[PDB]
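Here you get one chain, nothing else, as structure tokens; it is the form deposited without the named molecule.
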């Protein structure tokens, strides 16, 4: 992710097949002839898409030009959460499945994984960052506190941001419960709140493993439900 002053990010396409698949996903969704009600509603929950972009002198070098979801914040607190029971897709090899499950073998049980967070702390005027090893170290016993950390400014628990996050996740959940045409593997929710009142972004990102489907995305729904449940419990802290 390259953060651009104009309020966009440039995401470099991942190597094939993943990068191409994410391009086709955005292209399908934001198809200017699309009157598919499911895909039109989905746009709300994605970064705005500005199409494929390459450097003027380098058409080989493919990026997606996306809305920077953090742009309108002063001191954004950002958390990336991978959603689902499986982070491998329907066409993964045995080795690939093993690779994916071994990265975090608790994915089936919990249904989400914190990829990272950046949390602004008021009283130190500084950011605490957690990397992928943080979320991958969380278990059933520590997931509530693991998530809570995102919402601590170093004086209070931001229950406003927690409650707002539940409400925005709920709308994404409602979308998923009204579509049986896409299944999403190894995709994430990007959470943003203001670290400097109930002012939150919750957006879907990372679409290298989105596939056509005939069914409810049961794994994704499970993940959203469990995440909402964790966030709900945090409101009782």
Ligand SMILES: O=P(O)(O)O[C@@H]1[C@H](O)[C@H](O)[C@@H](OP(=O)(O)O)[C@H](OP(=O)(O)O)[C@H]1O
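Positions refer to the first chain, counted from 1.
Here the subject shifts to the form solved in complex with the named molecule, a form of this protein not shown in this document.
S.K.: Place the named molecule, as positioned in the deposited bound form, onto this chain through superposition of its site C-alphas, and say whether the site is open or blocked according to the 2.4 Å backbone and C-beta criterion (3 or more atoms for blocked).
M.R.: Open: when the named molecule is placed as it sits in the deposited bound form, none of its atoms comes within 2.4 Å of backbone or C-beta atoms.
S.K.: Quick check on this chain: which one of 103, 121, 149, 159 has a heavy atom within 4.5 Å of the named molecule in the deposited bound form?
M.R.: Of 103, 121, 149, 159, the residue with a heavy atom within 4.5 Å of the named molecule in the deposited bound form is 103.
S.K.: Let me test this: is every residue among 86, 139 and 225 within 4.5 Å of the named molecule in the deposited bound form, going by heavy atom positions?
M.R.: Per the other structure, none of 86, 139 and 225 touch the named molecule.
S.K.: Is there a heavy atom of residue 182 no more than 4.5 Å from a heavy atom of the named molecule in the deposited bound form?
M.R.: So residue 182 does not count as contacting the named molecule.
S.K.: Heavy atoms within 4.5 Å of the named molecule in the deposited bound form: does residue 132 have any?
M.R.: Yes - in the deposited bound form, heavy atoms of residue 132 and the named molecule come within 4.5 Å of each other.
S.K.: Spell out, yes or no, whether the shortest heavy atom distance between residue 72 and the named molecule in the deposited bound form is within 4.5 Å.
M.R.: The answer is no: residue 72 has no heavy atom within 4.5 Å of the named molecule.
S.K.: Is there a heavy atom of residue 14 lying 4.5 Å or less from a heavy atom of the named molecule in the deposited bound form?
M.R.: Yes - in the deposited bound form, heavy atoms of residue 14 and the named molecule come within 4.5 Å of each other.
S.K.: Counting only non-hydrogen atoms and a 4.5 Å cut-off, give the residues of 79-112 close to the named molecule in the deposited bound form.
M.R.: 82, 96, 99, 100, 103 sit within 4.5 Å of the partner.
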